[PDB]
Structures are given as C-alpha cells and as structure tokens.
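Chains A, B, C and D supply the protein sequences, listed in that same order.
For reference, each letter of the first sequence is one residue, going 27 to 181, 213 to 1197 in the authors' numbering.
Counting in the authors' numbering, the second sequence runs from 1 upward without gaps.
Counting in the authors' numbering, the third sequence runs from 1 upward without gaps.
Counting in the authors' numbering, the fourth sequence runs from 1 upward without gaps.
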Amino acid sequence: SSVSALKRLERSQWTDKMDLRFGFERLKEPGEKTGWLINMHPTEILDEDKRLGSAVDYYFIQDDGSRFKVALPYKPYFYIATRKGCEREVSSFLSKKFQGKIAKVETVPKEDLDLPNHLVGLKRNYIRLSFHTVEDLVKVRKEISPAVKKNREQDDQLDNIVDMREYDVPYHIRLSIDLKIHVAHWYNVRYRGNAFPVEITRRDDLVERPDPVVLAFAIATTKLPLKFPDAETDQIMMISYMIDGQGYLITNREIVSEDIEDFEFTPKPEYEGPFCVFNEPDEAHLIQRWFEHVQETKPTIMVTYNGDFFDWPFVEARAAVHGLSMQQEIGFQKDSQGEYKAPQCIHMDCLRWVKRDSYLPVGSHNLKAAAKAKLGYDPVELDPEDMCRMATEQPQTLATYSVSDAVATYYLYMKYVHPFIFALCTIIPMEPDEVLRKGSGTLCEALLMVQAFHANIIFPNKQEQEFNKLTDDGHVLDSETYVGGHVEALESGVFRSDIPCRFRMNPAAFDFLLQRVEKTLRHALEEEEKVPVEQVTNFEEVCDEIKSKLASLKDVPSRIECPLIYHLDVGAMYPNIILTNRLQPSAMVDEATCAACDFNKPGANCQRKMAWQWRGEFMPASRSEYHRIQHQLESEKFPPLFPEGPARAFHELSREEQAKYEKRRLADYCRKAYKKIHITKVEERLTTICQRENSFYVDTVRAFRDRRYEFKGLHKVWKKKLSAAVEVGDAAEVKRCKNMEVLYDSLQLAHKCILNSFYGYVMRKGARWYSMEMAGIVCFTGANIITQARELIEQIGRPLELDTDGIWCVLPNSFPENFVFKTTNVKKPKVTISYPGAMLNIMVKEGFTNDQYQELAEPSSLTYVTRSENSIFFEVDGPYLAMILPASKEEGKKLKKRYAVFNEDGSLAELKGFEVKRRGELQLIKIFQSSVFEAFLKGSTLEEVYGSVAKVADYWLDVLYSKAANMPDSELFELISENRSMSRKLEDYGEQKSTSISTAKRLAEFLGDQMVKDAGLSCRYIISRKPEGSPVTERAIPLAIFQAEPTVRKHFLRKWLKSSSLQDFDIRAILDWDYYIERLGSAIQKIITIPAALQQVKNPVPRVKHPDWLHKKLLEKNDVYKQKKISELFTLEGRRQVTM
Amino acid sequence: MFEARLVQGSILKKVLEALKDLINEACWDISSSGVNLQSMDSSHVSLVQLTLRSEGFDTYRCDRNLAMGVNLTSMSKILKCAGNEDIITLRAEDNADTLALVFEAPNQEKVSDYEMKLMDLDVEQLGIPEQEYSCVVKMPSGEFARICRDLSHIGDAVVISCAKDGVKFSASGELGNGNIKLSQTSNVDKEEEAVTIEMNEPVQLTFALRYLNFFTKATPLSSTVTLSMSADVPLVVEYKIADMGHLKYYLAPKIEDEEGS
Amino acid sequence: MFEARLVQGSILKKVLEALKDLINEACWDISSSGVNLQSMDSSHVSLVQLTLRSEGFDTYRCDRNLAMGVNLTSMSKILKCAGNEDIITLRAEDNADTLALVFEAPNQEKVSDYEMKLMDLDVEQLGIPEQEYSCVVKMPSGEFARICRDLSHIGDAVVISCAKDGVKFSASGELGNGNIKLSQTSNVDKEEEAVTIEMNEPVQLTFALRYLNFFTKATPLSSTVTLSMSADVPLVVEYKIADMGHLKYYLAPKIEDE
Amino acid sequence: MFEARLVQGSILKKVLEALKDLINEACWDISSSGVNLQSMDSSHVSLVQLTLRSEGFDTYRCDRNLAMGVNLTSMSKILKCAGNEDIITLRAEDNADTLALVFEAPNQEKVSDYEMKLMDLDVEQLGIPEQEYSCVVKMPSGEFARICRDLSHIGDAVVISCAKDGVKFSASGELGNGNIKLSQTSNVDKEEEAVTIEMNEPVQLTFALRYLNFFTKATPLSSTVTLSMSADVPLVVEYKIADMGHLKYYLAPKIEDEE
DNA sequence: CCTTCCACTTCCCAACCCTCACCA
DNA sequence: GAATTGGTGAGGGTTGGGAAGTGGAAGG
Ligand SMILES: Nc1ncnc2c1ncn2[C@H]1CC[C@@H](COP(=O)(O)OP(=O)(O)OP(=O)(O)O)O1
Ligand code: SF4
Ligand SMILES: [Mg+2]
C-alpha cells in the first residue's frame, strides 16, 4: 500500500507543480475573490494530519487575466438497504468489521418510487456509508457485493444487507449535483483558513462571459510516397496555430527550402487571419520553440481537428525521439481511453461535435466540407502526396494551405462549438471534456439525477442485461423490439402548381366539413391562438365565405384544377405526446401493483390503458430441446485463457461465453432439423399508465419545452435590436447586442438538443430509468395520428408522401387557404389562420385529447385536481412550386423516403435520401440526379416537362456509349470511382465476400499489412472486364495501381486480370462499360421513364427499355381484342357458401 | 356415410393433378348419382366442370347428399403418397370435419391411411347454354398438347380458325409468326390417332394460351380430346375419364371492341 | 506404408456419399484390422461408425497404424471422377500429408491418378458400447426410403411403434395425421423382397424425420437394411457392405415435452 | 430465291443448340456450295467455324449468294418446335426481311409454318489458317466430355502432354492435382472405342477449361471427336457432321510468361 | 424388339443475409 | 468502464425446389 500511497502523493504534487507553472496559483491566503469557473478535477489533498483526503480542485479565471485554484474536500458516499430492524445491528457490524476504513455511517429516510403503496407517503430508511477516500469505498463495496448478490438470487449481518445503491456515480459529478457548483458561472468565494471549508456562492447579477485564451493548432508532416506517414520515419515540416485571433507559423528548414515571410490570409472580412512567422533551423528547434510559445501564452483551452488520431501522437513521438518529454513540458498525456488530457487546460475537438450535433451527413465530415457548409467559403486544397515535393518546389503554397487549415479550425471552433458547449455546461454537472465526449443519453441521465436529487428521490441501480430469455410459449428469443414509425409513398411522378391535375372527391366529406366550419374556427382561435372569440369583429363574415366556397366545391366534386402543394406536420410530436399522456418511465404499472395501491377504488379514474405492438424473433427449437443442449455441455471442456492454462468445464466459463456456445449449438441444430432458423411474431399489448405518480420527469420535459420557446423569442427580439444597431452603426452597442444574441442562440440550441434526448434514452441499454413500453406507446400513438390525417386528406385531395410526423399532399386550387381576423385589442391587432391546419387540428382534438390528467393540489390532503390537455398541434409549410417522387423498378412497389421539393422562387427547397447526398455512391449518379432535378422545372405540360428532362439523361448515356471518347484521362478516375469506407479491421469481418474487403486484400498484396492495419480504411476501385465471367466482387481493382510505378503496374495487373499474354494495361481497355451503363440504367428508370409510363405518356428515353412486366401490361392495354369475363357470357345462377 | 372404392387410384391421382394448378380451393357436391365439381379460376376467364358417375366405382354408398370444401393442393400432396398400382378408398360422414382415405396395394403388403382436413368456402354458380356448336373437332390429345406448348413459345395469344378443309392454329409476336394445321384423317390407321372435323359454318376465335397450357395437363387422362367452338361464345375442351365421367374447361374469348364503340 | 486395392471400386463411391453431407470432417483410423471410423454430427446429436475389413480388399498392406484427418467433400469431388466399373487403389504413408488414388480401367487403355491433401485433425473418442437391442427389424431398403420420404410431406417427427407381429410409422401435423403399417409375414419370396421383425417387448419412440432423410442416402449400398431400437436407447440404422464391411448410424430418441 | 430441304432435320437443331452458348447473334452466308458460318465468340477468346455442303440437303436452290443476320436464341427457340423426325425446309427471297421455316411430319398428318425476322449485320473475318499439326488425337466424344468435366472439377486449366505411345491430361488447383492417361489401342474390335494418335514431335500445352467445357456441347453431334495440336499455334477441336459438314473450334494456347 | 416408367443430373428463379449511410 | 431508437434503399452472395432431359430396366 505505502508505495501506492507515496505514488498518489507524488502525482498530486506533480500536478500541482504543473498547473502552478501555468499560473493557476492556489489560494492559500485570507481574503475574498470572485471569478468564472472554467474547469474542475478530483484530487487528494494533504490535510492537517498529513493524511490524504479526497477533494476536488476548482479552476477560476478573472477578467484581468489572473487565475486561481480552490481545493474543496468532500467525502464520497453510497447507500445500503436492510431488512426490518437491522439498522443498529448492521451499522454496528459495519463499523467494527471495517474500523478505521469508513468515515461515517448514518440513517437517512428516502423515497423510492418503486416501493409498494408509496403514493400515500411511505418512504424507507436507507443507511449512508462515507469514506475518507474513494479507495476505501472501492475496497468495501467488494466485501459487500457477494452477500447482496447471493441474497438477490436466493430471495451474518452481510446477509441482512438487502441492496446497495448509488455506488458507481462519479465522485466529481456527485459533488456538482450536491453543492450546485456549475461551470460557466461567476462565483464569489470565501476562504477562512483550514479552520473551515472554503465557501462558494454564485452571483446571478452578472451575465457577461470572460474570454478564456484558446489555442488552435495544426501540423504537416513528410511521408513516404503513396503510403501513410509513421513517426519512426518522418519529420514535421510546419506547425501553424492561432491564439485569440492572432496567427503564428513555425517552419523547419531541414525540409522547407526557403525562409517564410509573414503574410495575411482572409477568406471573408470577418476572418481576420493575420499570421506571424518563426523560422527554425532544426526539428528540435521547431519543437522547442513551440513548447516555449505555449509556455509563454499559457492557454486554457487547446483545440485541433480529430487530434487524438494523428496530430498528438506524431508530435509526441517526434518530441520523445529527441528526449523532449512533452508530458513534462506541455503536460498532455494519453489517458486510459487513448484520449489526450491535461491538468491545466481542456482538449476540445471540433469533430466530436460535428459527428454528434451538427446534423451534417457523413459525406461532409472532412474538415474542408464542414467548413464549406457552415462557413460559406471554399478552402484551399493540396494532393496529399504532393506536400513533400511542394515543400521544396514552392514552399509558399504549403504554408498557405497549412495556415488555411488553422484559420478554418479556429473560427469553426469559436462560432459554433464554444457558445454551444459552455451553454450546455451551464445545465449539466459535467466537465467540458466529458460533456463533449459523452453520449447524449448520459447527459440526459445526469440531468435526471440532478432533478431526482432535488426531489429527494433515491436512484435505481443500472439495468442489467439478461441472456437468452424465454418466451412463455417456450421458444428462446433471438430479439425483442417495438414496431416503429409508419411510412407509405402513396403516389409517384411529377406535381406542379402550373399544370392541370384531375381530382375526384366525396361530396359527403365536403358536407361534413361545411357543417362544422364554425366549430373548426372557434376552436382554432381560442385554443391555438389564445385570443378570445369576443375580441374580433369580422368572425361572422369569414365563415360565410368559407361555407360558400365549400358549397361551390360540393356542387362539382370531380374536376380538373391546378394543385396547391402543402406540407402538414406536427411540431415536437413526441415530447408533446409525452406531456399530453403523462408518460413516465416509472409510471408503467401492472394489475399486481395496483392491487396494493390504496387509491385503487371503484370508479378511480387514474388507470390509463394504451396500446402498443410488441415484436419478437425466436428460434423454433422447443424448451426441452434447448435444455437437452444445455445438458450436453455438462461433459464439454474448453480452452484456458492462455495456452498453458487449465482447461475449463462449461460451468467454469463466463456467462457471455456460455450464451455464445449455446447459441452456436442451437443455431446449427435448427439449421439441420428445419429449413428456417427464425420466426417473427407480432402481438398487440395494452399497458396501464399510472396518472398520479410523481411528475418529476414530465415536469422536467415541460420546463425544457417552455424555456426553449422563451429563449427563441428573446433571440428574435435581440436579433431585431442587433439589426437596428448595425443600421445605426453604434459599434459598442453592436458588440453588446451581438453578445446577447449569441448567448440566447446557444442557449436555445442547447435546450433543443436536451429536449430531443429524452425519448431515446428510455431505451438505452442499462439506463437507470428504462422501459420499452413507453417508447412503443409513443410510436403507436404517432402512427395513429398520421394514419387518420391520411384518411381525412385522402377524401378531399391526393396525399403524396407520409412519414413519421408529416404529410406531403396536393389540394385543389379552390380550397379555402388562409383567412384574416381583425382584433379590437391593439395588443394583437390582426391574426391569420390557415384552414388545412385548423381542419386537421380539430380532428386531433376530438380523438386524442386526454381527459385523465391529475395533479396534486394539496400535499397535506392527497387531493388531486383532474384536468384535460392536448398539446399536439399541426402546422403548415408551403405552398410550394414543384414536387417530384420516384417510382420503384419492381412491379407495384413504391419507393419510400425519396423526393424533391422546390420553393416558389425556384430555389431547391428539399431533396431527400438521394445518392447525391450519400457518401461513396458513384459520382456519375450524383451529377445525373442533380441535373435532372433542376431540369424538371422547365416546361409547361407533361409532354414538355419530359421533353426537357429526357435530354439531360440522354447526355450521360451518349457519353458512356461513346466511351467518354473526348473526356480527359484525369477526369475519368474521379467520374468513374467509388470511395467506399470500411469500418472494421480487415481481420474482424471473418470470411465474408464483398467488394471493399476484396480491394483491401488487393492492397495488402501490393503494399503490405502496413496499409491495412488501421480501422477506417477508404477503398477506391473500378470494376474490370478481363476476367470474363468472374463474379463482380473479383473484378474490383484499386485506383492506386494507376498511380503506382509502371513496372509494378505491368506486373500486378497481369496477375490480377488472369491474362499473362495481356499487352494493353489502360483503364479505357479495362473498363466494364456495360456494368456502369447498367448502373445508370437502374437509376434513369426509377425517375424519368417508369414514372412516365405511370402517367400516360410514352417512353421518353428511346435507348432504355421498360421492364418486361411493364412492357406486357402496356402491350395488353392497347390491342383491340379485349378480354371478356366468363360471368358476362354465361348466366349467373346464384351464390352459395359451404359450412359444417 | 359416403364411401367409395376405386379400381385404380391412378385416375383420381391424374384428376387431382389436373385440378391442382387451376383452382386452388373448391367444393365437391356428392350424391348417389355421382360426384360433381364446378368452379371458376381466380380471374373468371375460365371455368372447370368435373363429373364422375355412380357406376364407375368398384363399390359406392351415399346415404345422403353432401357438400364439402377442399384445399386442393393439400389433397394433391396427400395423394402423392399413393402408388400408381394402388387401390384407394374414400370415407366421409355428415359431421364433415374430415375426409378419411385408405390406400393399399393389390396384395395387401402394406396399408396407408390419412385424414384430410376440410375447409369452408363461398363460391358463385353459373349456368351453361347447352347449345349445339357450329364446329366440333376431335383430336389426339398429345397433338393438341404439343400445339399449345410450341405455339405458346411464339406468343401469348392463339387464333383458332375452323374451315371445311382443315383446322388452323395461328400466333404471332415480336419474333415473327407461327401456324399449325390439321386435316381430316382420310384413312384411319387407328381411331385414337384420327382427327375428325364436323361443322355447320366456319368459325374464327382468339384466346389466351396461358389458360390452355393449364387444360392440357389433362392429356395423361385420355388419348383423345374434344374441342367445340361457335361464334362469340366460350371455347369448350372436354376429356373423358373411362366410363366413369368427364372433365370440361370453358374459356371465354377475346372480342373485337370496335363493335362496342 | 499403407497401400490397398479394391476391385469392387464403386463401393467406396457409394459409401462416401452416404457420409459427405452428414459429417463435414472426420478422422480415419487405419490398422491391420482395416479402416475404422467413429465420427460425430456437427450438431453432436447423431453419430456415424464405418468399419471395413482388410480381408475384403483385393490387396492390403498396413505395417503400422495411422490416423488421418479428411473433410469428406474433398474425397467426394474426386471419387465423382471414377467410373463405377473401374478398379481403385489407395496409397498413403505414415509421414505424408497427402493421399493418392489410382483408377484403373478394365480395358487397361485408360488410367487416372489423383493426389489430395489431408487436413490436420484430432478427435477425442469414447468407444461405442454394445446394446442388447430389444427391437430389431430387417426390411427392403426402398420401402424404408419411401416411408421416410412420404411421411416427410406430413411432418417433421415420426412416432415409430413396434409389435410382436409388425411395425407402424405415424406422423401428425397441419395437414392431418398419416400412418403406414407393415405386418410381419411368414410367406417370403426372397431376402431382397421380405421383412423380418423381432421384438422382446413393446416400444414406441419419436424420431426427427429430417435426420432419417439423411440416413436414407445409404440405400444403394444394400438390398436390405437393419434397424434396432430400445427404450431410452439410441436407434441404430445398419447397412451391410457385401462382406467387406458395415456402416451404422446412431441417433438419440426425442425427449418428449410431456 | 433461296430454299433448301433438310430430311435430317435434327442436325440443324443440334447445331443451334451448340452455337447458342458461344455466339448470340451471327450472320449466316449462303452460296451455291452450301451454308457457312464463321464468327468470333462473344468474349473474343475463341473462334467458331461451321459449314454444311449443299450435297447434304434433299434439294437445294440458291439463285444468288446471300447473307442473313439472325439471333441464334430466337432461331433456337423456333427450331425447338420441330420434332426430330420432321422434315425442315428453309426459304427466303433476296429482298425479304424474313426467313420462312416449314416443318413437315413424315406421315403428312400435319404441317407447321413459321417466320422469323432477320436483322442487318456485317462482321470481320479472315481466311482460316490450316497446316500439318504435330499431334492429332481421335477419341470417343463421351470420354473427352468426362475428362473435361473431371479436370474442371479439380482445376482451372488443363495441360496436355503428348507421346508416341499415349496422351496425358493434367491439372492442379486448391483440391490438389490430377493425372489422366489414354494409351493407343493395341487392336480394335469396334471402332468408336479405339483411340488413335498421330505424333511427329513432342508437344505440351495449356488451355482454359471454361472454353473446352463449352466446346464439348457438340458431343451429341457425333460419336467421334478429333483434336489437332501443335506448338505455339491454336488448338483445333473438330466434329464432323453426318457426311455433309463440319464444326470446328479454334482456341489459342495459354501463355505461361510469368516464369 | 419397341414403348413406358422411374431415377438421377443440370438449369433457372425467388427469398434470405451481409454491409453502409440516410430519413424521422 | 462502456453504451440513443426503428425503418428504408442499393448492391451482392448463398441456398433450396421445380422443370426438363437422358439412360436403363422392365413389361407386353
Ligand atoms: N436523433 C433522433 N433520435 C431519436 N429519435 C429521433 C431522432 N430524430 C428524430 N427522431 C424521432 C422522434 C421525434 C420524431 C420527429 O418528430 P418531432 O416533430 O418530434 O421532431 P422535429 O420535426 O425535429 O421537431 P419540430 O421541428 O417539428 O419542432 O422523430
Ligand atoms: S395507477 Fe392508480 S391504482 Fe395504480 S398504483 Fe397508481 S394510483 Fe394506484
Ligand atoms: Mg415535427
């Protein structure tokens, strides 16, 4: 032990030296100071007994640039539960058993929502245990856990212990949850000497934020031609970085052929980008100079793009090669998870934000794409192989590139990441490293632990996964799931506001609407707008124009009209469904618990019962057959963990090994004894939701919804003020206003992200508050709503696309559209309403509205008020100019989730699911699709529309049939190649066949395991003709060989084309033109020709044939010999049914 | 009870193997006069009629008339168990939940028995015009089978024309044209090979071969088939089953729309 | 060195395809007594024994024991190339990792010669014990093959029952039940054509029919088949190969869920 | 006008059943000497050659030489309608777009009469080389078919070795290696089993079994197959049709440069 | 000797299982 | 110590059953 205790003292001292070097001078002296909390860490401090005690160090910054630390000691603790009357005996044994190991133990009443009959007010005494250090907790829990484990399976004083809670919450998070200490707030702190703990208290009065010094850096290295760099071989050429808007550049004259002059780079006037330059003779001087300039400026946040992957490991290794221990000079060290962290500063990585909250496609996670998308400028590019020649031939261009990556990194970090992350830090207990790195379900869990603590709830233990659970009918389940969101593409082809389109309608549906027009408007004003109906003068007029237009429609239900294209969808559907129904992860109950609740009384209104669809998949073997296969393993024996170790019997295996062996045996047995290894089963279930249970979850969701809309409004107000201040030109007021604008915009984004998180968390594996039912009930209620909106629209008009929460439809030109009300109150003098909205909304309000909401009005008397609510409201987007949907190549199928939509200005409004966005799909498809979508806008009739659209699809077939004859040779390699990813290691896939695996092996043969070794390899290939009749996967050839040396190409192609006599080694010979033309034929059919046959126009593309089934149907339509039915030629005698 | 025994199970096997493709479920009407089945395909273009007479069975009992529904593919499955030489017995009763079958070899070396599950059906009933037909032709069934297969390779629709000199089948498609022709047998080598045409007046009609393909599966029942045709009404093909009965398919023609105009 | 010659060369072809699909790979044991083989179903529910005799070969040299691993697909793809009338020679060595097969045409105008790789297997074995089978049946092979095929259309499990005077096969499923009865006869024409059942006490047992549909692949080895049964004991199917050997399949009876 | 009557109507079926795998669309030519077709296969690996002399038909009229572009899958499907006993007759007119095929039942019981649409084609062709080969081998066709199927089972490609006393085939691949030898017959009792070899100089050569395994589709066409082989020149595989004609495949030897 | 039935092999199409990336 | 959900398209490979053709032996 003592060696470890001294090692802990050593590291505590070293870290205190390291952060002292960066000016985080520890507070040790009487006085009072104030500052902004930027970071925290857990550490032990030496006390007056010269003992280590566990503590937390808080790091503050001040407006003058000064900084300090405070060390706050707090005892870690957790709870144990015991049987009736055990507490004094168990506590006395806990103390004597571990005397001197535990600091304090005490009896604490807490409320657990899982207790029976708890709504009356019943709560139970847990025992708290607390320790001088977490190491004694980690020891003692391992002395308790076997006893509670055995009693949990079955059900000395350890046997009297029944359960243990909260033992795995992180200690620092346990402190920020408890002391309400939170990051990005101004604090006043009072130091009283070690005679008292240091006291921290927030000031709400100040809202301005300081500017903590942020350093962003990027590097460029030499590498071997056509291959990856590695730190043993290569050297850094340049490092470029910015501190707080000032740029700096270092260049190594071992490699860079000339000294670099200082220069200025500005993509757009907002990005200042002045760069100062230091020339160094040696790599060791480049490193030393950078370490010196970092030790001078002493930054508090350090940023780079994806730094844990390359930029830190390379500069670390090249520093250590010269003996510069960067862990000593800078302080940055690789943590256990392989991520660089430091005591004195925070490592923020932009890509861990882009990958999590930017909503960019994976197509554009490359820095130059994410910069081009969010910053609105195109950065500068180099071929990654040329950098080593450019560093000799034209150094200025390499410097310009490496500076441009620094500028883009710094501004991308400042504008998008920094407001967001510190705003989210204001509401979560976690450090800015953990908040950025962790997954959103964890953020939501910490937030719920904050709220559960404030409610004085005791947390549940994390859910533990069961293996191979049994269906009641006896089959072992492979999987369980709930049925998700409904989808159907109802229509296909082209819709436009400018072409005649044919409608047929049900006049009884018009009569039904016209009968209720008054109710639809009276509701749509009072509930949705919240304007009393008395306050408006023209209400009786507008109803007559609505009724008369509906009557004029009713008189002629079938007509040709121009369409109105509308999108009709629900705002924040799933949160609103939760708030409306009062769903909570703990509120699901069964008859067995409602049997105990004293509120279970005749006519008790609180049991709400809702339907969801369970789904399972299971293996067809029976209960006894599986049990026999389990017995058959009683004689099996298995390898050790290491080649010389003892062989293990089946009962000596881990339960994860056991389950995998059993699944292998049963999967082989079922494949022998039956053709089919699995069966799907679907089952309607009804679940009872308690309506009185503690609301802390639902009230949390409510609070985040409301505060989101409050900050959205304040952002609108301040953005107006900002526009006015800019037009007037008051630069100090402009700065004040812009600061408030960015503060509210980041706060509202952070609340939107947190609100989105609450649904999926309840399904996360091992979440504390976990239940599958609440996610099913939400998905099914969101499938009902959208289905009934489809049904109601399908009589009036033609719904086109339907997904989880919104419908795309066309409506007749004569429809009501929007109306205006004039208000007597000047506070809201005019109001507008949209009829399709109120029409759908009243349908929602009639069926879905809850009438069982209950709220505890008097905590002393257990009296609950009973209330109704609906929070679900539709809203309208559009009307749009044009809409286009593709059609399936197979007969009668319809392609879901694919469409394009345009604004009235002809700017592309939406374009969804198409290969133009996807990462990897063939570039020829991207360009073809993009150009045809634009081409559809042209023309005025379906004949002219397709006459336009045809030529853009003809152009690419003309090029391919011409073998791109005139196209430059460098163009084909970008036009013709995929860039597909490979997510796993090449060994981990197993024995599978695929084109990416094939071409990775085809690289391994050519440059060795050095190139495959890392995960995430990118594979660029073309598919080749010469191995005639060889299956597709075997004809995939890397692009790299067309860059490799001639004598290597003329060898490896001769090997891979299985053609030793081959004289011609040119892509234009090698290309399988009839594969790529079949790919384009597969695309062009789905958009331009098959939809055409579905819209009564002849084939617009002569070169492409229809599918055979469609040619049969179109040939059968048109001949003159019509098929009669037998029932029309022979007399029908009657109808009969046969039954026993 | 209903009880029947058949001199050779190959007949009922060949019947079920001919019904299996065209009508998936059907009901049988049973009486002391015999067994009747009539049903209509899932597209109402063609109609099947089957009649087995009381006398053809080796022994027959029918205490009361019965009607029962049968999923024909499952019966064809069970009847795949019986050997070609086997003797087969059917038994049923008015509780009508199940049909019992017994199959045995002529030497009683082995016994096989089964209980087919019956099913519930609803179906519409049609009448028949019972006219005389302006042309009738009697044909070797193997020749009509080959005519259908070969011309079906040329195209999806057949034209049938009957004229004093000889019957003609014609078809055409994207490949070109095909014509197949038969004539009056002047000297009969054997009657089973003879073709005979008798007519009131010549006839021309057109039909979908996708259905005839399903009728010609009757060819292994009997060596000769009857074709009957008349203007603007269904074509008849008819196969006779020994002295026991007959199986008939009616096919509604394709008619020229221009008169409809 | 091991070397052997077989004039009835088609036997090895017929005997191999009866295993090719039931067991993926096997360890053969070679000794002066003859080639012997225990191997187990990949699902380990069922077991194979093959046993030839060295007296039956046209020539047989075995001066030492060998154990050799082979995956039977690899032999099968070679024996496909032998004509049924041709004479087979096998050659192996104690240090070698390959096997040589020579096919000799009776006309002596054609010869063929193949070498295949062994595989490196070892297998842990319990010697299969004798049982005093309470029930034994001898039947013509095609009858049993037809029973197992025709019942396979009804359903995936067969209840086989036996009596002092016959046997019954029965199956129950979604199409309805079906049975086949085979009574014992005293009158018999010939052994290739006749049944002989003997039973000490009544037994009936349930067996997976999709397994028997594998065992029936041995049918062309013999004009008759032997089956034996007892309660709580595996069923054994046995084929005799001239007097050159025998092949047996062992299968456990189904545990009833009731 | 052109017309021809073929009483041996099966041979035209078996020819189309042979060609349809190697070439999908081809142009026939017709002359006073008879019918010719020579064409590269679709992959341009190997060359197919066929001719039928006009002396083979029951009668033949050909007023001018002509060429007819035809789809072999279509003509194969049409000819599958003729019975093997039936007479075939072909006719066309020099300005017609269509070929007329008549099938007559021998007993005159029946007639059938089909037309197929022509298409317009032109194709590149050269005078076929022939010379004295170093090796010639004659064999029962079924034996060569079994040899090809077995070696294609074991291996990718066959190497053929030649001697005065016999001929040997060998292959190797993932399953192992295999060797097959046929010796010259000592004396012949019935001809078709007799293997006979002509041998001027030793030859050993390698060929791709995919194409021999197509070429063997002509096995139903005659009971005796012939092979002609020499160093550094295409293998010729030859089948002789009735009296009237012949079918040849030309396939270049596999190069083994990598050594 | 000629014709029919049964057995075995080959050819062709449909359905299921794998990857990755995008719609909610 | 770690850990959001379900649904769809596109491209590719593997598995199983039915239809068609050929060879033998069996029957008249
Ligand atoms: N990342 C994700 N994780 C889990 N569920 C998700 C999800 N993204 C979408 N869903 C599911 C659950 C929610 C649902 C989308 O419907 P709403 O109306 O609730 O979302 P929205 O359209 O963004 O809100 P609005 O802009 O109208 O305010 O899709
Ligand atoms: S839902 Fe009602 S009856 Fe059930 S536990 Fe809650 S309060 Fe009691
Ligand atoms: Mg929404």
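C-beta atoms are modelled at their ideal positions from N, C-alpha and C, and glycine is treated no differently.
Same chain, Cβ closer than 8 Å to B:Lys217, five either side skipped, listed in chain order:
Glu17, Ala18 and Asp21
Check each residue of the segment 192 to 225 of chain C: if its Cβ is closer than 7 Å to any Cβ of chain A, include it; give the result in chain order.
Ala208 and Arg210
Pick from A:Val334, A:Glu674 and A:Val544 that is closest to A:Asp530, judged by C-alpha positions:
A:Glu674
What residues in the segment 679 to 692 of chain A bring their beta carbon closer than 8 Å to a beta carbon of chain C?
Cβ contacts with chain C: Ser679, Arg680, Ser681, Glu682, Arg685 and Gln689.
Which of helix, strand or coil DSSP assigns to B:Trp28:
When secondary structure is reduced to three states using DSSP, B:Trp28 falls in the strand class.
Count the other C-beta atoms from every protein chain shown that fall within 10 angstroms of the C-beta of B:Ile30, then say buried if there are 16 or more, exposed otherwise.
buried
Let me know the beta strand (DSSP E) ranges lying completely inside the segment 195 to 243 of chain D, each 3 residues or longer, listed in chain order.
Runs of the beta strand (DSSP E) lying entirely within the segment 195 to 243 of chain D and spanning at least 3 residues, in chain order: 196 to 199, 204 to 208, 224 to 230 and 233 to 241.
Could you tell me whether any Cβ in chain C is nearer than 7 Å to the Cβ of B:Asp120?
no
According to a CB-to-CB cut-off of less than 7 Å, which residues of the segment 166 to 181 of chain B neighbour chain D?
Within the segment 166 to 181 of chain B, the residues whose Cβ lies closer than 7 Å to some Cβ of chain D are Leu175, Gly176, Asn177, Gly178, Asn179, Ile180 and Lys181, listed in chain order.
Examine ligand 3 and report whether any of its heavy atoms sits within less than 6 Å of the Cβ of A:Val627.
yes
Go ahead and pull the three-state DSSP assignment for B:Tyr133.
Looking at B:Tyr133 - three-state DSSP - the assignment turns out to be coil, as it is neither helix nor strand.
Heavy atom of ligand 1 within 6 Å of B:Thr206 beta-carbon:
no
Please confirm whether A:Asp725 has its beta-carbon closer than 7 Å to some beta-carbon of chain C.
yes
Report whether the distance from the Cβ of A:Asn662 to the nearest heavy atom of ligand 2 is below 6 Å.
no
Contiguous beta strand (DSSP E) assignments of at least 3 residues, all confined to the segment 659 to 697 of chain A:
664 to 675
Show which residues of chain C have a CB atom less than 7 Å away from the CB atom of D:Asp29.
Those do not exist, as D:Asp29 stays about 42 Å from chain C at its closest Cβ, beyond 7 Å.
Give the residues from the segment 1165 to 1193 of chain A that approach chain B closer than 7 Å (Cβ to any Cβ), ordered along the chain.
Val1177, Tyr1178, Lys1179, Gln1180, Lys1181, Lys1182, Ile1183, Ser1184, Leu1186, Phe1187, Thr1188, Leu1189, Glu1190, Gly1191, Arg1192 and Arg1193
Does any C-beta atom of chain C lie closer than 7 Å to the C-beta of B:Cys62?
no
Boundaries (first-last residue) of the alpha helix (DSSP H) holding A:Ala456
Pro452 to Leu469
Can you pull the DSSP bridge partners for C:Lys110?
D:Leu182, per the DSSP bridge assignment.
Can you have a look at A:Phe569 and say buried or exposed, based on whether 16 or more other CB atoms are within 10 angstroms of its CB?
exposed
Could you tell me the distance, in whole angstroms, from the CA atom of A:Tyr818 to the CA atom of A:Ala824?
Near 7 Å, if we compare the C-alpha coordinates of A:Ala824 and A:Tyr818.
Report yes or no: is there a C-beta of chain A within less than 7 Å of the C-beta of C:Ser43?
yes
Is the number of C-beta pairs between the segment 877 to 889 of chain A and the segment 580 to 597 of chain A that are closer than 8 Å three or more?
yes
I need the DSSP call for A:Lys130, collapsed to helix, strand or coil.
strand
Take B:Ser33 as the anchor and find which of B:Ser10, B:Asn65, B:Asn177 and B:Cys27 has the nearest alpha-carbon.
The residue with the shortest Cα to Cα distance from B:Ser33 is B:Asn65.
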